[PDB]
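The form solved without adenosine-5'-diphosphate is given below as one chain in C-alpha cells.
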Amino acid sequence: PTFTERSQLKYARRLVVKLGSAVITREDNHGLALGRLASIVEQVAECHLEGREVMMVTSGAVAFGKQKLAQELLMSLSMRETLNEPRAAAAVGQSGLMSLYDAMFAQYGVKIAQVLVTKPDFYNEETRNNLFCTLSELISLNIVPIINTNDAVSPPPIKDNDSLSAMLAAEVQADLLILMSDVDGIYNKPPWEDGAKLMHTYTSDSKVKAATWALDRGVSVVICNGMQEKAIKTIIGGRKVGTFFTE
C-alpha cells in the first residue's frame, strides 16, 4: 500500500495491466473488439515508451479460438449436410492473439514476449523463482511480456486470470495493478437494486478477494471499466475512475 491517493498514481513505476475477456471479444461473438484492443495497446505502448515498465496479463484466448473453430467446422461439411472444446480453441486463439498483439505493438517499435504459465508453476519453488528471474530479465530489456495461462494442454488460490494477475503483481513487486474488468467499479449492491453508489476509495467477490490479497502485499489495486475510453491514461493521469484500493 505504498500509494494512498489518486494523485500519487503519476509516479507508478511498474504497473501490471490485466485485460479481461469482455474487453477483447464483442457481444456478437463475430470477431474482436479491435477498437478496444487497439486502444489499450496504444495506451500501453505510450505509457511504456515513457519510462514505466508495464507487463500485460492478457486473456480471452478461448473466445477467439471458438470463433476460428466454428468457422473451420462450417467450412468442412458436405454440401449434403449444409442444405439441412476448451483446448483446441485455446491453442488456435493463443496463436492468433499473439499474432495480432505482435503486429499492433511492432507498429510502435515495442517488442512482446509470449510467456505462458500453468498452475503447478506457482507451486514448485524452483520454477517460481526461475519465472521471477525470467520476468525481470524480460522487463529490464524493454520487452512487454504478455503473460497468459497454458490453456492448450492443461486448463486451470490461482483459479482465473485475475488471481494470477494479483500474484504476478505481488511477486514482481509492482506499484500499480489495473484490473480492467467489465463492470464500472464496485457498489454496495448490484445496480438493479437499492443503493447504487460507486466506491471510488475502498476502505477496510473473486475480484474483490484478489484485490484484497494484492493490497495486503505492497501493491495498489485499481478496478476499472474495460469498455471505457482512455482507461489507463486517466487511471494513471489521476482522474477518479474505477475504485481505488487502499487502507
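Note that residue numbering follows the sequence shown and begins at 1.
One more form of this protein exists, namely the form deposited with adenosine-5'-diphosphate bound; it is left out here, but the text below deals with it.
Checked against adenosine-5'-diphosphate in the deposited complex, the residues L69, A38, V183, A45 give one hit for a heavy atom within 4.5 Å, which is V183. Residue-level contacts in the deposited complex: of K207, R52, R217, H200, one residue has a heavy atom within 4.5 Å of adenosine-5'-diphosphate, and it is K207. Proximity of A22 to adenosine-5'-diphosphate in the deposited complex falls within the 4.5 Å heavy atom cutoff. In the deposited complex, adenosine-5'-diphosphate sits beyond 4.5 Å of every heavy atom of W213.
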